């Protein structure tokens, strides 16, 4: 399956993506994860990305398109399919992506658009805690771990309230035209994101199994 998963910050993309990958073995391509990995290893692009990410701003299109194109061009993608997560994030990236996918013969087959009340997002990101090794995300209220030990968790630097508030403003402005772009193509599946995590997934699982 050639898939995009989309949604505002905190809408549950990563949470759902982890469940999707566990069942379908599509390649999870998360620009967020790619940036944070680079940042942790202090690579050149990581140092660049940090500058934008810590302020809740978009990393420039040029670098972003490049790292996604690089991953999409690998030899596994055509056979296994992929799940693009957090990209495209501007209409410019959408246009760039579409041309690349057509060239590689891996055109999108579906968009999973997770719709969530934006009034819920500040609390979702404020209460987020992340397991170190896996990067599995939890929520101190809505999705807490069974036995919390501090050595296994941390908080994302961009989950500070002021950064979250900036991230929401930036992505609310860019988001609508991208959804419209793919809705026009008949590829969008709107998901009720205002449910329990497992209910959101069961909805997504039904959509994905009904593809092809």
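Residue numbers count along the first chain shown, from 1.
Trainee: Looking across the other entries that model both neighbours, is residue 99 missing in at least a third?
Mentor: Residue status for residue 99: no gap in any other entry.
Trainee: Check this for me: in at least a third of the other entries compared, is residue 46 absent while its neighbours are modelled?
Mentor: Residue 46: modelled in all of the comparison entries.
Trainee: Quick one: say whether 20-28 or 198-206 has the higher mean Cα B-factor in the deposited entry.
Mentor: Stretch with the greater average CA B-factor: 20-28.
Trainee: Between 60-68 and 144-152, name whichever shows the higher mean Cα B factor according to the PDB entry.
Mentor: Per the PDB record, 144-152.
Trainee: Quick one: which of 79, 115, 85, 123 shows the highest Cα temperature factor in the PDB entry?
Mentor: When the deposited C-alpha B-factors of 79, 115, 85, 123 are compared, 79 is largest.
Trainee: Lowest, middle or highest third of the chain for the C-alpha temperature factor of residue 131?
Mentor: For residue 131, the deposited C-alpha B-factor lands in the middle third.
Trainee: How does residue 73 rank on Cα B-factor within its chain, lowest, middle or highest third?
Mentor: Top third by C-alpha B-factor.
Trainee: Residue 38's Cα B-factor: lowest, middle or highest third of the chain?
Mentor: Answer is lowest: the recorded C-alpha B-factor places it there.
Trainee: Check where residue 187 lands among this chain's C-alpha B-factors and tell me if it's the lowest, middle or highest third.
Mentor: Within its chain, residue 187 is a lowest-third residue by C-alpha B-factor, going by the deposited values.
Trainee: Please say which third, lowest, middle or highest, residue 49 falls into when its CA temperature factor is compared across its chain.
Mentor: Ranked within chain, residue 49 CA B lands in the middle tercile.
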